[PDB]
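Worksheet for the structure shown next.
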Amino acid sequence: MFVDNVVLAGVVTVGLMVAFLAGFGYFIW
Amino acid sequence: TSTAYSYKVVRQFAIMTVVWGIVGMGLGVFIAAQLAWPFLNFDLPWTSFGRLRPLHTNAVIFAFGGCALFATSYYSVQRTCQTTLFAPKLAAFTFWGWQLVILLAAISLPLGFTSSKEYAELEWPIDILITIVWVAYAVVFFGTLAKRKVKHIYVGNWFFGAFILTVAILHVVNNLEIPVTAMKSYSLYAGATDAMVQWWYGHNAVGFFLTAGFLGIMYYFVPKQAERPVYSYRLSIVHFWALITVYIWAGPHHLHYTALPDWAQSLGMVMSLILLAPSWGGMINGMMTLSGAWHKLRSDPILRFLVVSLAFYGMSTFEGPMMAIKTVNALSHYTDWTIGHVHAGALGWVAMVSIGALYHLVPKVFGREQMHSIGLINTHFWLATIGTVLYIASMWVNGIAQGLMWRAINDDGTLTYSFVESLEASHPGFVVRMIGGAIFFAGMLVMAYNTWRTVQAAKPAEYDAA
Amino acid sequence: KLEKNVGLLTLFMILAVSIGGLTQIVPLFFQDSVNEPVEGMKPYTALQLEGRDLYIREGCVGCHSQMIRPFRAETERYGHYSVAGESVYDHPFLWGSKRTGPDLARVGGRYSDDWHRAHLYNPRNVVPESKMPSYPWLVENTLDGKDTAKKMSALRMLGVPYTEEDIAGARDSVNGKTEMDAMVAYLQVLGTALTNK
Amino acid sequence: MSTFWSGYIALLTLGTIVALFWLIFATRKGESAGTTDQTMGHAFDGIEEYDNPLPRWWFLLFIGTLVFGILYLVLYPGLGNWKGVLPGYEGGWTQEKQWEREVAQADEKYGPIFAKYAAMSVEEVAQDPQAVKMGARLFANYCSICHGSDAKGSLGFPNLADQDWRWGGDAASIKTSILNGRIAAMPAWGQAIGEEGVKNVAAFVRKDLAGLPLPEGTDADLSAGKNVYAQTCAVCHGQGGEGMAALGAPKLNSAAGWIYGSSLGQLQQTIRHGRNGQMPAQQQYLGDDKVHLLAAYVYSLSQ
Ligand code: HEC
Ligand code: HEC
Ligand code: HEC
Ligand code: HEM
Ligand code: HEM
Ligand SMILES: [Ca+2]
Ligand SMILES: [Ca+2]
Ligand SMILES: [Cu+2]
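Protein chains in written order, with my numbering: chain A, 35 to 63; chain B, 421 to 886; chain C, 93 to 289; chain D, 2 to 304.
In structure tokens, the structure reads:
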């Protein structure tokens, strides 16, 4: 895929959301 | 006498909350399908996407979310300060009034009468009606507060009260418009100024209508369902005032890298980032309340709803600040990612919490000890969760794909993708989202059936007295 | 405490909630850069104005942005990044918030009237993989120009410098034209103001 | 922005931040610093509230955000007219300024490639594969929507891939088409020629010129058609329908290059009401460089 600063910002933002959700989600079990 | 809570209006607004939930989310599924398969536009002006979209929007926010807010606030305030609703008939007026508003939306928007201003699309006569109904609502609520029993006012009503006042201000300011004809007006503002008024209004719409008001909901029902005390009253103070003040500033995060001046844009980003803290103070206060009683989650699906609701709330009040960063918005803006965020908050926070709240209150208000089937509350929970997650996922995929493809440059500087290539890339996403939303909608039907079954049971249902 | 005081809580709420509005909206009323038209620019012509209101009624904004962001790739794709002065007479503004379809801030003269007609009549017919709705009724409907005068009067009242010449016979500028005529007329002026000043 | 407004904005923004700090701390004073579990004595319904401390981490987060906000404001425009102190942008930072850099940087990076191609003849550029691929990339973004993603067109819009050219298929002609645009003008013959006249030339062009068969039992006067064509049509399309590239009049001795259909009826409509195809000029939107590469690409297509 095409990689830019902005694309990276977006990707790590979404990743962070996955992390927050995953953490919270398993945290609820 | 009259020292029996007025449950009538709450009853009406509850039922109608489920009804408009169905109608609105149905519309959602439908226009999603239109985005997947354009033939569903049917070459008819009143059923084309452009017109139906704001119908979905208004039905789902002001009709569904709205009625949820009415039922919840009227129940909650009455019990939380222990008196019958002030001016109960005026509350009845706010019911039929609000219904008239929604019906006017349903007729007018497919007919083509729209301001084109997001979440403010209804034309001026309807804006007048709304203002009137809202003033009445304010009188009923703040009046009920003014004639409470306890010295203190519960923080749930700080949020409700705030929501009411600021929504009134918002609505009046952003809908200042010269009427040209019966159903056509021009905005007072234009260009960048209009954009700013619009998104001050627009964001503070979800900020107070869909955040504050529903934080009120959370603050009554989470502790009431869990039967635990509210964690950290100090937090309630901090997070309330800080949210109530910082959120207003968050307007410009919509207009990043637009014709809006740089200074405003920045003010919006900075304050959107500050906003992270109070917002989370909400979900912290909600969840830490459940500490110790987590074993209830496998037991009680209503509580499941409320908690998971807080999960999505935090997630989107984290996602939001992130996307409010100019460099991130640089990719996110105009993409399906925005919509993804939207429905993360919408399905996951607003919808879930109002669902839970209704599942709690509807039996009570209908003189009944509980819902007809708790099992269907659980199956509803799973349908709604799966649906929300699918929706979110498909929109992240689509959004990243779009932003990326749109700005994708080759080694020789030329643009990598045609807009149509991005469009085509998005179709699987459109279909998955259509299915996720469909599933959530199915859950809503399950709720409708359940609620109906319990509604059947008693004609005289004035139980509860205190 | 002020927890027990209804009017004090109410007051400090209305106070706390106002600061952002006062600090963001108010100074824009007086900022020049966002109130100055592009120098060349005129108000929308009766037909253009009518077509813009058609664009509004059909929900075009819902898939189409009119706001080019100052990035190289958006510049390359659409043209010169949008300027505040371009939307100075837009009651109400039609910057997008979504791009289901491409940005239209400068559809300008990028396409022929004929193309716009075919494509609005059936987008799939010219762009097979379009997700855009067909808008054939635009052809079957005729503008009578009844309210154009009123509309322009209202917009002048709101600041838009319509001439008496403009308002007078704004009707016969429009009467008999089809809605499709008006929509096309509107689309063909978008973003033109800047690139020929 | 007038200074008064700049000051007003800054003062209010800062006052709000200060107020926020004051709020977080003032809320914080009797901090247990522990979960504690005490409760306060007033009941709302069912609900009661613990007097708990703010989570230290949440506190930290909140403060950090405000600090970041002050830092951002100092770095970047926002308060008033204050210009950014951020390093590397002289006279501060604005979105426009940022844009100028990205373009300028791009121009420095890619400028030679464009430059290299510009010296070369359009015919020379087509030879270079690298150039063609670049041109194709350009084509999809700006030219695909009308001429098809395959450049093979549709009804109303020329197939650029084939060997049939309306305005000529030499490099110079193609480049001119793209650069300056093109408007064709088939005048309408309906009134001038009569309905029967229309039917007749249509039939003549389809059968006798284009070598297409006529629909069963359509008694058109092909002789009449022929005469009409010679009288009127031959002037622009040539007699025998070679067509004239000068006028963008297409050849009529083959339906292959026709953009308005080849059925008797469609021919009749073309003849009766005329045609005014428009190829928009790209000189303004794309500029000489891009246009040059595109001419190269389109030229390349047909070989
Ligand atoms: C969302 C459901 C759509 C609505 C409503 C409208 N448009 Fe659209 N449009 C859409 C897509 C997916 C595309 C790209 C594919 C295509 O058909 O070209 C478009 C494109 C346009 C264009 C061409 C823009 C360009 O290529 O530069 C124009 C001029 C345009 N659309 C006009 C338009 C108007 C006037 C409509 C409102 C009634 C409108 N569109 C609605 C999808 C959607
Ligand atoms: C649609 C809105 C147009 C866009 C964008 C482009 N072209 Fe086109 N082109 C179009 C039409 C309707 C015609 C026929 C004109 C006529 O005589 O009726 C054309 C023609 C050309 C030609 C000449 C073809 C010939 O036979 O001589 C060329 C070289 C040309 N077009 C190429 C081209 C490129 C490179 C452009 C993209 C930016 C492009 N066209 C866009 C329709 C339109
Ligand atoms: C003078 C120059 C005129 C005259 C007198 C005629 N035509 Fe022809 N024509 C002309 C142009 C510039 C074009 C291109 C139109 C466009 O591309 O928009 C045409 C085209 C046609 C076509 C369509 C070919 C296609 O489908 O692509 C037909 C069928 C046609 N012309 C035939 C025709 C006949 C029968 C007329 C004589 C009375 C005739 N033309 C005259 C230019 C001109
Ligand atoms: C701190 C809290 C929040 C912040 C800072 C925030 C920020 C944002 C941002 C940056 C966007 C993208 C705007 C754009 O690029 O066009 C957005 C869109 C949106 N968000 Fe949030 N968000 C928050 C919470 C929420 C929540 C909880 C909801 C729940 C419904 C919500 C609903 C929406 C809606 C409806 C839009 C779309 C507005 C439009 O149509 O353009 N937001 N928000
Ligand atoms: C339950 C299934 C739902 C489905 C399938 C659905 C579908 C959709 C679709 C397809 C769009 C337009 C997307 C686009 O233009 O790209 C949309 C917009 C929107 N929906 Fe829903 N929706 C659902 C429920 C809800 C709910 C419960 C809310 C509650 C607030 C909501 C709020 C919104 C908002 C605010 C927008 C506008 C977003 C924007 O302007 O950026 N939706 N929805
Ligand atoms: Ca309105
Ligand atoms: Ca939007
Ligand atoms: Cu916002």
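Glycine included, each C-beta is placed from N, C-alpha and C at the ideal position.
- Residue-level contact by beta carbon holds for D/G157 and chain C, with a gap shorter than 8 Å.
- Between the region 477-496 of chain B and the region 424-431 of chain B, the count of Cβ pairs shorter than 8 Å is three or higher; the stretches touch.
- When D/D209, D/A231 and D/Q232 are compared, the shortest CA-CA separation from D/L223 is found for D/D209.
- With a threshold of 8 Å between beta carbons, B/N830 makes contact with chain D.
- For C/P194, the residues of chain B that pass the 8 Å Cβ criterion are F839, in the order they occur in the chain.
- Runs of the alpha helix (DSSP H) lying entirely within the region 549-631 of chain B, each at least 4 residues long, are 575-594 and 611-624 in chain order.
- Three or more beta-carbon pairs separated by less than 8 Å are not found between the region 38-49 of chain A and the region 475-482 of chain B, which leaves the two stretches without contact.
- Around the CB of C/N217, fewer than 16 other CB atoms lie within 10 Å, so the residue is classed as exposed.
- The alpha-carbon separation between D/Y111 and D/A105 amounts to approximately 10 Å.
- Counting the other Cβ atoms within 10 Å of the Cβ of B/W466 gives fewer than 16, which makes it exposed.
- Nearest to C/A210 by alpha-carbon distance, out of C/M272, C/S179, C/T102 and C/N288, is C/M272.
- Per DSSP, reduced to three states, the secondary structure at D/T219 is coil, with no helix or strand assignment.
- D/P214 has its CB no nearer than 7 Å to any heavy atom of ligand 1.
- In this structure, the C-beta of B/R499 stays at least 7 Å away from each heavy atom of ligand 1.
- Contact of C/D124 with chain B by beta-carbon distance below 8 Å is absent, the smallest such distance being about 11 Å.
- A straight-line Cα-Cα distance of about 38 Å links B/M815 and D/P130.
- Residue-level contact by beta carbon fails for D/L180 and chain C, as no gap is shorter than 8 Å.
- The criterion of a C-beta distance shorter than 8 Å is not satisfied by B/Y557 and B/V785.
- Scanning D/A11, D/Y9 and D/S301 for the CA closest to the CA of D/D171 turns up D/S301.
- C/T234 carries a strand assignment under DSSP once its states are collapsed to helix, strand and coil.
- Counting along the chain, the unbroken alpha helix (DSSP H) around D/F26 starts and ends at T4 to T28.
- B/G517 is positioned such that its CB atom lies no closer than 8 Å to that of B/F484.
- For the region 157-179 of chain C, residues whose beta-carbon sits nearer than 7 Å to a beta-carbon of chain B comprise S157, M159, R161, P162, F163, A165, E168, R169, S174, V175, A176 and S179.
- B/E841 carries a helical assignment under DSSP once its states are collapsed to helix, strand and coil.
- Measuring C-alpha to C-alpha distances from D/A231 to each of D/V206, D/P214 and D/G218 identifies D/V206 as the nearest.
- In the three-state reduction of the DSSP assignment, D/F45 falls in the strand class.
- Using a cutoff of 7 Å, the CB of B/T421 does not count as near ligand 5, since none of the ligand's heavy atoms is closer than that.
- Assignment of C/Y136 by DSSP, reduced to helix, strand and coil, places it in the coil class.
- Boundaries of the alpha helix (DSSP H) around B/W440: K428 to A456.
- The count of Cβ pairs closer than 8 Å, one atom from the region 552-568 of chain B and one from the region 621-632 of chain B, stays below three, leaving the stretches out of contact.
- Non-local beta-carbon contacts of B/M825 in its own chain, meaning distances under 6 Å to residues more than five positions away in sequence, involve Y837 and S842 in chain order.
- With 16 or more other CB atoms across the displayed protein chains lying within 10 angstroms of its CB, D/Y143 is buried.
- B/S536 has its CB no nearer than 7 Å to any heavy atom of ligand 6.
- A straight-line Cα-Cα distance of about 37 Å links D/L248 and C/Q158.
- Residue pairing of D/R183 in beta bridges, as defined by DSSP: D/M280.
- Of all C-beta pairs linking the region 134-153 of chain C to the region 230-244 of chain C, three or more are shorter than 8 Å, placing the two stretches in contact.
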